[PDB]
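The file work_21.txt contains compact mmCIF, C-alpha atoms:
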# COMPACT_ATOMS: atom_id res chain seq x y z
CA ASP A 148 -4.14 -22.35 -34.17
CA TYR A 149 -3.57 -18.57 -34.14
CA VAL A 150 -6.61 -17.99 -36.33
CA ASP A 151 -8.91 -20.10 -34.14
CA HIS A 152 -7.59 -18.43 -30.98
CA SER A 153 -8.21 -14.93 -32.34
CA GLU A 154 -11.75 -14.60 -30.98
CA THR A 155 -10.62 -15.62 -27.51
CA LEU A 156 -7.69 -13.23 -27.65
CA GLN A 157 -9.97 -10.41 -28.83
CA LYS A 158 -12.31 -11.09 -25.88
CA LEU A 159 -9.40 -10.84 -23.42
CA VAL A 160 -8.22 -7.64 -25.01
CA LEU A 161 -11.70 -6.11 -24.83
CA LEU A 162 -11.70 -6.94 -21.08
CA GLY A 163 -8.56 -4.88 -20.66
CA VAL A 164 -6.06 -7.67 -20.28
CA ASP A 165 -2.50 -6.55 -21.17
CA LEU A 166 -1.09 -9.60 -22.99
CA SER A 167 2.32 -7.94 -23.17
CA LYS A 168 2.60 -8.28 -19.38
CA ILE A 169 1.46 -11.92 -19.41
CA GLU A 170 4.04 -12.57 -22.15
CA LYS A 171 6.85 -11.92 -19.66
CA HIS A 172 5.83 -15.22 -17.96
CA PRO A 173 6.45 -17.75 -20.71
CA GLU A 174 4.66 -20.85 -19.31
CA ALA A 175 1.57 -18.83 -18.32
CA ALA A 176 1.55 -17.11 -21.73
CA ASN A 177 1.83 -20.45 -23.52
CA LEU A 178 -1.01 -21.86 -21.51
CA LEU A 179 -3.25 -18.83 -22.29
CA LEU A 180 -2.43 -19.03 -26.01
CA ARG A 181 -3.91 -22.57 -25.89
CA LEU A 182 -7.05 -21.83 -23.90
CA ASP A 183 -10.48 -21.36 -25.43
CA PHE A 184 -12.71 -18.69 -23.89
CA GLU A 185 -15.90 -20.69 -23.48
CA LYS A 186 -14.33 -24.02 -22.50
CA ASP A 187 -11.45 -22.99 -20.27
CA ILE A 188 -11.58 -19.30 -19.32
CA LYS A 189 -15.23 -18.46 -18.68
CA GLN A 190 -15.64 -20.66 -15.58
CA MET A 191 -12.62 -18.91 -13.99
CA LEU A 192 -14.12 -15.49 -14.79
CA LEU A 193 -17.45 -16.53 -13.29
CA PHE A 194 -15.73 -17.54 -10.04
CA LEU A 195 -13.93 -14.17 -9.92
CA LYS A 196 -17.29 -12.45 -10.39
CA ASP A 197 -18.80 -14.47 -7.61
CA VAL A 198 -16.10 -13.44 -5.20
CA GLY A 199 -16.64 -9.86 -6.22
CA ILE A 200 -14.37 -8.87 -9.08
CA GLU A 201 -16.62 -6.74 -11.31
CA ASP A 202 -16.50 -7.01 -15.07
CA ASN A 203 -14.62 -3.70 -15.38
CA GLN A 204 -12.01 -4.90 -12.85
CA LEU A 205 -11.21 -8.23 -14.54
CA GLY A 206 -8.67 -6.81 -16.98
CA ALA A 207 -6.49 -5.35 -14.29
CA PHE A 208 -6.81 -8.49 -12.12
CA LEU A 209 -5.88 -10.86 -14.96
CA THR A 210 -2.99 -8.67 -16.03
CA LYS A 211 -1.46 -8.80 -12.53
CA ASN A 212 -2.26 -12.40 -11.69
CA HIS A 213 -0.77 -14.18 -14.71
CA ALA A 214 -0.92 -17.40 -12.68
CA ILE A 215 -4.72 -17.53 -12.08
CA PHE A 216 -5.41 -20.03 -14.90
CA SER A 217 -2.82 -22.35 -13.47
CA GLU A 218 -4.63 -22.68 -10.11
CA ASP A 219 -7.21 -25.39 -9.63
CA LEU A 220 -10.66 -23.81 -9.26
CA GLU A 221 -11.53 -26.21 -6.41
CA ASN A 222 -8.53 -24.95 -4.47
CA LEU A 223 -9.47 -21.29 -5.11
CA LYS A 224 -12.92 -22.03 -3.67
CA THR A 225 -11.40 -23.73 -0.59
CA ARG A 226 -9.14 -20.71 0.08
CA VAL A 227 -12.10 -18.33 -0.08
CA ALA A 228 -13.99 -20.54 2.40
CA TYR A 229 -10.94 -20.43 4.69
CA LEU A 230 -10.99 -16.59 4.60
CA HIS A 231 -14.66 -16.67 5.52
CA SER A 232 -13.87 -19.03 8.47
CA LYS A 233 -11.58 -16.27 9.71
CA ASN A 234 -14.46 -13.78 9.78
CA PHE A 235 -13.64 -11.91 6.61
CA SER A 236 -16.97 -10.95 5.10
CA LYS A 237 -17.95 -11.22 1.45
CA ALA A 238 -17.28 -7.47 1.03
CA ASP A 239 -13.87 -7.89 2.74
CA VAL A 240 -12.82 -10.76 0.48
CA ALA A 241 -13.90 -8.84 -2.65
CA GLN A 242 -11.64 -5.92 -1.62
CA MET A 243 -8.75 -8.26 -0.62
CA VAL A 244 -8.77 -10.21 -3.87
CA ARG A 245 -8.99 -7.05 -6.01
CA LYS A 246 -6.21 -5.24 -4.16
CA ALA A 247 -4.00 -8.30 -3.76
CA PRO A 248 -4.67 -10.41 -6.85
CA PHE A 249 -2.25 -13.17 -5.82
CA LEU A 250 -4.09 -13.75 -2.50
CA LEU A 251 -5.98 -16.89 -3.59
CA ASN A 252 -2.82 -18.42 -5.05
CA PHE A 253 -1.60 -19.07 -1.47
CA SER A 254 -2.58 -22.30 0.22
CA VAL A 255 -4.86 -22.52 3.24
CA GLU A 256 -1.84 -23.33 5.44
CA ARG A 257 0.18 -20.41 4.13
CA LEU A 258 -2.70 -17.95 4.53
CA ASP A 259 -3.20 -19.20 8.10
CA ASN A 260 0.50 -18.85 8.86
CA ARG A 261 0.63 -15.36 7.37
CA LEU A 262 -2.35 -14.13 9.37
CA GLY A 263 -0.77 -15.69 12.48
CA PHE A 264 2.50 -13.87 11.73
CA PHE A 265 0.83 -10.46 11.61
CA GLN A 266 -1.05 -11.24 14.80
CA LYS A 267 2.11 -12.24 16.63
CA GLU A 268 4.52 -9.66 15.19
CA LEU A 269 2.27 -6.60 15.60
CA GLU A 270 0.38 -7.71 18.74
CA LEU A 271 -2.86 -5.97 17.63
CA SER A 272 -6.33 -7.14 18.67
CA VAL A 273 -7.84 -9.91 16.48
CA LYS A 274 -10.23 -7.37 14.99
CA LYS A 275 -7.54 -4.77 14.26
CA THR A 276 -5.42 -7.45 12.65
CA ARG A 277 -8.28 -8.24 10.19
CA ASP A 278 -8.80 -4.51 9.66
CA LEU A 279 -5.10 -4.10 8.84
CA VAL A 280 -5.00 -6.72 6.11
CA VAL A 281 -8.37 -5.61 4.70
CA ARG A 282 -6.83 -2.14 4.41
CA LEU A 283 -3.58 -3.35 2.78
CA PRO A 284 -4.21 -6.84 1.56
CA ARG A 285 -0.87 -7.16 -0.19
CA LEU A 286 0.68 -7.54 3.31
CA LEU A 287 -0.58 -11.11 2.97
CA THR A 288 1.01 -11.76 -0.46
CA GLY A 289 4.36 -10.03 -0.25
CA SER A 290 7.61 -10.96 1.42
CA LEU A 291 7.38 -10.93 5.24
CA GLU A 292 11.02 -9.91 5.57
CA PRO A 293 10.58 -6.16 5.14
CA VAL A 294 7.93 -6.38 7.85
CA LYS A 295 10.32 -7.97 10.37
CA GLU A 296 13.13 -5.65 9.36
CA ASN A 297 11.00 -2.48 9.55
CA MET A 298 9.62 -3.38 12.98
CA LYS A 299 13.21 -3.53 14.25
CA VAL A 300 14.17 -0.35 12.41
CA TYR A 301 11.34 1.66 14.03
CA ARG A 302 12.21 0.45 17.50
CA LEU A 303 15.96 -0.11 17.57
CA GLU A 304 17.23 2.46 15.09
CA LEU A 305 14.54 5.13 15.14
CA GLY A 306 13.69 4.92 18.83
CA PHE A 307 9.91 4.48 18.75
CA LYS A 308 8.26 2.48 21.51
CA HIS A 309 6.28 -0.68 20.63
CA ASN A 310 2.95 0.99 21.38
CA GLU A 311 3.86 4.02 19.27
CA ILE A 312 4.64 1.75 16.33
CA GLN A 313 1.24 0.04 16.60
CA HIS A 314 -0.43 3.45 16.58
CA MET A 315 1.35 4.55 13.41
CA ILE A 316 1.09 1.35 11.40
CA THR A 317 -2.65 0.85 11.97
CA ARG A 318 -3.22 4.26 10.39
CA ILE A 319 -0.60 3.84 7.69
CA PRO A 320 -0.14 0.13 7.06
CA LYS A 321 2.33 0.82 4.18
CA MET A 322 4.84 1.77 6.91
CA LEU A 323 5.33 -1.95 7.46
CA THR A 324 6.95 -2.50 4.05
CA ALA A 325 8.28 0.95 3.23
CA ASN A 326 11.82 1.28 1.94
CA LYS A 327 14.18 1.46 4.95
CA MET A 328 16.40 4.18 3.47
CA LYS A 329 13.36 6.40 2.86
CA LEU A 330 11.96 5.79 6.35
CA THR A 331 15.36 6.66 7.88
CA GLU A 332 15.83 9.81 5.82
CA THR A 333 12.32 11.04 6.63
CA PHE A 334 12.80 10.34 10.30
CA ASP A 335 16.17 12.03 10.44
CA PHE A 336 14.80 15.13 8.73
CA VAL A 337 11.62 15.41 10.80
CA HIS A 338 13.15 14.44 14.17
CA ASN A 339 16.60 15.96 13.91
CA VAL A 340 16.40 18.77 11.37
CA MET A 341 12.88 19.96 12.24
CA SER A 342 13.41 18.94 15.93
CA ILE A 343 10.03 17.24 16.24
CA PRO A 344 9.80 14.75 19.14
CA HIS A 345 8.78 11.16 18.72
CA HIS A 346 5.39 11.65 20.37
CA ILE A 347 4.35 14.26 17.82
CA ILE A 348 5.58 12.16 14.85
CA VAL A 349 3.47 9.33 16.27
CA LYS A 350 0.39 11.56 16.13
CA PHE A 351 1.05 12.41 12.45
CA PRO A 352 2.42 9.25 10.78
CA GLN A 353 1.35 10.48 7.32
CA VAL A 354 4.73 12.17 7.22
CA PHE A 355 6.00 8.67 6.40
CA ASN A 356 3.51 8.58 3.49
CA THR A 357 4.61 11.95 2.01
CA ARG A 358 7.44 12.39 -0.48
CA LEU A 359 10.30 13.84 1.52
CA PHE A 360 11.18 16.60 -0.94
CA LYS A 361 7.84 18.22 -0.15
CA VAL A 362 8.38 18.18 3.64
CA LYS A 363 11.85 19.60 3.09
CA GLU A 364 10.83 22.40 0.68
CA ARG A 365 8.16 23.58 3.08
CA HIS A 366 10.23 23.36 6.24
CA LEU A 367 13.14 25.24 4.64
CA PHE A 368 10.88 28.04 3.37
CA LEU A 369 9.14 28.38 6.76
CA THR A 370 12.58 28.45 8.39
CA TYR A 371 13.66 31.20 5.96
CA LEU A 372 10.58 33.18 6.96
CA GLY A 373 10.86 32.63 10.71
CA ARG A 374 7.59 30.70 10.76
CA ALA A 375 8.77 27.10 11.40
CA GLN A 376 6.83 26.80 14.64
CA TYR A 377 6.02 23.14 15.28
CA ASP A 378 5.45 23.16 19.04
CA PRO A 379 1.71 23.04 19.87
CA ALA A 380 2.43 24.76 23.18
CA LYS A 381 3.46 27.97 21.42
CA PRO A 382 1.54 30.41 19.16
CA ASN A 383 1.49 30.24 15.35
CA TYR A 384 1.73 26.45 15.67
CA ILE A 385 1.93 24.60 12.38
CA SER A 386 1.00 20.93 12.68
CA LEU A 387 2.68 18.21 10.60
CA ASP A 388 -0.60 17.31 8.91
CA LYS A 389 -1.17 20.91 7.80
CA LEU A 390 2.39 20.90 6.56
CA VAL A 391 2.17 17.74 4.41
CA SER A 392 -1.49 17.91 3.29
CA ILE A 393 -2.50 21.43 2.30
CA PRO A 394 -1.91 22.48 -1.32
CA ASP A 395 0.85 24.92 -2.23
CA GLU A 396 -1.43 27.92 -2.74
CA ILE A 397 -3.02 27.67 0.69
CA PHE A 398 0.24 26.71 2.41
CA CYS A 399 1.76 29.91 1.03
CA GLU A 400 -1.04 32.27 1.81
CA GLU A 401 -2.34 30.80 5.07
CA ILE A 402 0.77 29.29 6.64
CA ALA A 403 3.95 30.80 5.25
CA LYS A 404 2.16 34.15 4.78
CA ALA A 405 4.03 34.65 1.53
CA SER A 406 3.21 34.70 -2.17
CA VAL A 407 3.58 31.58 -4.31
CA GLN A 408 5.97 33.62 -6.45
CA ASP A 409 8.22 34.11 -3.44
CA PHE A 410 8.03 30.38 -2.61
CA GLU A 411 9.03 29.64 -6.22
CA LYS A 412 11.90 32.15 -5.93
CA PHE A 413 13.12 30.51 -2.73
CA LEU A 414 12.98 27.01 -4.21
CA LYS A 415 15.46 28.12 -6.86
CA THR A 416 18.11 28.64 -4.16
CA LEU A 417 17.84 25.00 -3.02
Could you rewrite the structure in this file as structure tokens?
Amino acid sequence: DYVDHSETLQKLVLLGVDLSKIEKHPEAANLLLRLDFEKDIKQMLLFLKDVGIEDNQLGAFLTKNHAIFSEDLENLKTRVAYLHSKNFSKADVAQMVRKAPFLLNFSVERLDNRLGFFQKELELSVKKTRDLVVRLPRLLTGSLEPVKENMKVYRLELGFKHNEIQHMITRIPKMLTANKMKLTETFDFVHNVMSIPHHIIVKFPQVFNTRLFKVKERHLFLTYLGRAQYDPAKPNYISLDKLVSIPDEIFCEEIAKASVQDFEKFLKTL
């Protein structure tokens, strides 16, 4: 059987499928080992093309979704029709399935319940709720627990108001599932060590999408230089987005007003 399967396996490899990943899932791997490309696999690939997975995206999709050959094609079609009934366009669904390859493995009822959860939990407009999951489609496929927990962390532990949270998460949807320890450490540093008020953090939520060491290195250097001026009502104001976004060379010259060599020297005292 190995010899007769070789041409199918070769085809999957040429597509960029990583069989070593699929091999971690023994029943799926044993099914694939027994599938023929023309008879069993091709009709699945043609469906994926129709929903918008391009040929050069199939390898990554099939490597992630080791379960796709175990779903009934009729059910996959029904789930796509459900998404369309919810006003997700063809372009939306193509992006959602590529970025969240398990999406069509969820039943109609589960997809409906998951969309309803995000509507109820975040309280966004219908439209902004669709925009949110089009932007981060894995919200629909992952555990919902970190979402519930992080909503309570932002409000009850970090002190943001409900409207502030909506503002931040629509811009940075990954905030909804971010590691709680990392969110807390970033908040404590930016709010308490840098003394930045909630309403300013709300305006620049990308600080929750920045690795904290970078925020810290830059704040400590500016502090060392007497240039850590984060209040827009005073001169030499440095905004949080400048601080987290501009590359080292420009941060040094334009913001810290110091050489990169001196920044490097400072970082060695940390």
Using only C-alpha atoms, which protein or nucleic acid residues come within 6 Å of region 211-216 of chain A? Drop anything in the same chain fewer than 5 positions from it, and give the result as a PyMOL selection string. chain A and resi 169+248-249
Just give me the residues with any atom within 10 Å of (0.9, 9.9, 14.8), file coordinates, counting only C-alpha atoms, written as a ChimeraX atom specification. /A:311-312,314-316,318-319,345-355,387-388
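Here CA of residue 203 (chain A) and CA of residue 250 (chain A) stand 19.4 Å from one another.
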So that all listed atoms of region 327-331 of chain A fit with 8 Å spare on each side, what axis-aligned box centre and edge lengths in Å, to one decimal, would you give as JSON?
{"center_x": 14.2, "center_y": 4.1, "center_z": 5.4, "size_x": 20.4, "size_y": 21.2, "size_z": 21.0}
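Considering only C-alpha atoms, the residue among A:161, A:241, A:331, A:255 positioned nearest to residue 303 (chain A) is A:331.
As for CA of residue 339 (chain A) and CA of residue 412 (chain A), they are spaced 26.0 Å apart.
In terms of minimum interatomic distance to residue 289 (chain A), A:323 ranks closest within A:323, A:195, A:188, A:330, counting only C-alpha atoms.
Separating CA of residue 268 (chain A) from CA of residue 239 (chain A) is a distance of 22.3 Å.
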Give me the residues within 10 Å of residue 257 (chain A) as a PyMOL selection string, counting only C-alpha atoms and dropping any in the same chain fewer than 6 places off. chain A and resi 263+287-288
Rank A:193, A:305, A:359, A:405 by their smallest atom-to-atom distance to residue 224 (chain A), using only C-alpha atoms, and report the top residue only. A:193
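Between residue 258 (chain A) and the candidates A:336, A:149, A:368, A:229, the tightest atom-to-atom separation, counting only C-alpha atoms, involves A:229.
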Tell me, as JSON, numbers by chain, which residues lie within 10 Å of residue 170 (chain A), counting all atoms listed in the file; anything in the same chain fewer than 4 positions away does not count. {"A": [165, 166, 174, 175, 176, 177, 179, 180, 213]}
I'd like to know which of A:254, A:357, A:204, A:386 is closest to residue 398 (chain A), using only C-alpha atoms. A:386
Need the neighbours of (3.0, 31.1, -1.5): which residues are at most 12 Å away, counting all atoms listed in the file, as a PDB file with C-alpha atoms, in the frame of the given file?
ATOM      1  CA  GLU A 364      10.830  22.400   0.680  1.00  0.00           C
ATOM      2  CA  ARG A 365       8.160  23.580   3.080  1.00  0.00           C
ATOM      3  CA  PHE A 368      10.880  28.040   3.370  1.00  0.00           C
ATOM      4  CA  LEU A 369       9.140  28.380   6.760  1.00  0.00           C
ATOM      5  CA  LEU A 372      10.580  33.180   6.960  1.00  0.00           C
ATOM      6  CA  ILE A 393      -2.500  21.430   2.300  1.00  0.00           C
ATOM      7  CA  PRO A 394      -1.910  22.480  -1.320  1.00  0.00           C
ATOM      8  CA  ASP A 395       0.850  24.920  -2.230  1.00  0.00           C
ATOM      9  CA  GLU A 396      -1.430  27.920  -2.740  1.00  0.00           C
ATOM     10  CA  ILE A 397      -3.020  27.670   0.690  1.00  0.00           C
ATOM     11  CA  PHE A 398       0.240  26.710   2.410  1.00  0.00           C
ATOM     12  CA  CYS A 399       1.760  29.910   1.030  1.00  0.00           C
ATOM     13  CA  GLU A 400      -1.040  32.270   1.810  1.00  0.00           C
ATOM     14  CA  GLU A 401      -2.340  30.800   5.070  1.00  0.00           C
ATOM     15  CA  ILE A 402       0.770  29.290   6.640  1.00  0.00           C
ATOM     16  CA  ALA A 403       3.950  30.800   5.250  1.00  0.00           C
ATOM     17  CA  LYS A 404       2.160  34.150   4.780  1.00  0.00           C
ATOM     18  CA  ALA A 405       4.030  34.650   1.530  1.00  0.00           C
ATOM     19  CA  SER A 406       3.210  34.700  -2.170  1.00  0.00           C
ATOM     20  CA  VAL A 407       3.580  31.580  -4.310  1.00  0.00           C
ATOM     21  CA  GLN A 408       5.970  33.620  -6.450  1.00  0.00           C
ATOM     22  CA  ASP A 409       8.220  34.110  -3.440  1.00  0.00           C
ATOM     23  CA  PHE A 410       8.030  30.380  -2.610  1.00  0.00           C
ATOM     24  CA  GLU A 411       9.030  29.640  -6.220  1.00  0.00           C
ATOM     25  CA  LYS A 412      11.900  32.150  -5.930  1.00  0.00           C
ATOM     26  CA  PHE A 413      13.120  30.510  -2.730  1.00  0.00           C
ATOM     27  CA  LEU A 414      12.980  27.010  -4.210  1.00  0.00           C
TER      28      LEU A 414
END
Extract, using all atoms listed in the file, all DNA, RNA and protein residues at most 12 Å from residue 160 (chain A), discarding same-chain residues fewer than 6 positions from it, and format them as a compact mmCIF listing (two decimals) with C-alpha atoms, keeping the file's coordinate frame.
# COMPACT_ATOMS: atom_id res chain seq x y z
CA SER A 153 -8.21 -14.93 -32.34
CA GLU A 154 -11.75 -14.60 -30.98
CA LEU A 166 -1.09 -9.60 -22.99
CA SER A 167 2.32 -7.94 -23.17
CA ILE A 169 1.46 -11.92 -19.41
CA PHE A 184 -12.71 -18.69 -23.89
CA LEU A 205 -11.21 -8.23 -14.54
CA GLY A 206 -8.67 -6.81 -16.98
CA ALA A 207 -6.49 -5.35 -14.29
CA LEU A 209 -5.88 -10.86 -14.96
CA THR A 210 -2.99 -8.67 -16.03
